[PDB]
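Before any questions on binding or motion, here is one chain by itself as structure tokens, the form deposited in one PDB entry.
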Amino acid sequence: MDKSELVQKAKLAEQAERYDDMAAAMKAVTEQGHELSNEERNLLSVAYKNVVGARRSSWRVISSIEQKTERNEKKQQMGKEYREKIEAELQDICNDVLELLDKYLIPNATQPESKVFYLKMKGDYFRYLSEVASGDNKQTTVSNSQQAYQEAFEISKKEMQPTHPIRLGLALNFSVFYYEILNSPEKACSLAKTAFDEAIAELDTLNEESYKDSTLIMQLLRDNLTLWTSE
């Protein structure tokens, strides 16, 4: 099949909220080995965000139930096994995305903004694995998440303006990594506040093309800082 075909399928699938179809289309596009357009990159990202998001949500629900049910009630065997089923799906989905990142997306990235986008994405999917990992596996996924984010951060700091939406979005997600995965509230708040503050200091640099995406993410940075200091 050809690229334009698959892209149109992805777009239809998106509107119909058929994210498995959407992800399959854009995985096929990626495996053709050519650098993705921004439109294509977005479609791939949205597809897998939704596919993995379903499992993250379900896993959290079943984990919570598992903890409410008493250990002597022992209906929690089933909760445990169902949790493990969902975990396995989540791990397979993240593996697929990480395969695409390693094989195609990161190596084909020509511009710094693209490199940052995909290193951030690598950070994100190792973060998702870290949400459900245990033991030595968790140490590995946490470390791999941090490395990808930090490499993205180093490129971003050198090559992109503080108001650029990819730089801001990296800060947003890397700060959540510190808060939720590393249990480091001070580092999380410092990263988010610095990113927010650096953008405000250069607010004049917004333009029609990017003001909406940038200001949306500045609002999200503020929202997390508010959540974290409501504490």
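Numbering starts at 1 and follows the sequence shown. Residues that one form lacks are left out of the comparison. By rigid core we mean the largest C-alpha set that fits within 1.5 Å across both forms.
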Of 25-33 and 47-55, the stretch with the higher mean C-alpha B-factor in the deposited entry is 25-33
The stretch whose C-alpha atoms carry the larger average B-factor in the entry, 68-76 or 96-104, is 68-76
Out of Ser156, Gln91, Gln139, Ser145, highest CA B-factor residue
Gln139
Check where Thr215 lands among this chain's C-alpha B-factors and tell me if it's the lowest, middle or highest third.
lowest
Entry-reported Cα temperature factor of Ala192, expressed as the chain third it lands in
lowest
Split the chain's modelled residues into thirds by Cα B-factor; is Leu227 in the lowest, middle or highest one?
lowest
According to the PDB entry, is the CA B factor of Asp124 in the bottom, middle or top third of its chain, that is, lowest, middle or highest?
lowest
So where's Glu131 on the chain's Cα temperature factor ranking, which third?
lowest
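Although it is not shown, the form deposited in another entry is what the next lines describe.
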Per-residue C-alpha change between this form and the one not shown, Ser190, threshold 2 Å, rigid core fit:
yes
When the rigid core is used for the superposition, does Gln161 move between this form and the one not shown (threshold: C-alpha shift of 2 Å or more)?
yes
Segments of at least three residues whose Cα atoms shift by 2 Å or more between this form and the one not shown, after superposing on the rigid core
72-75, 157-231
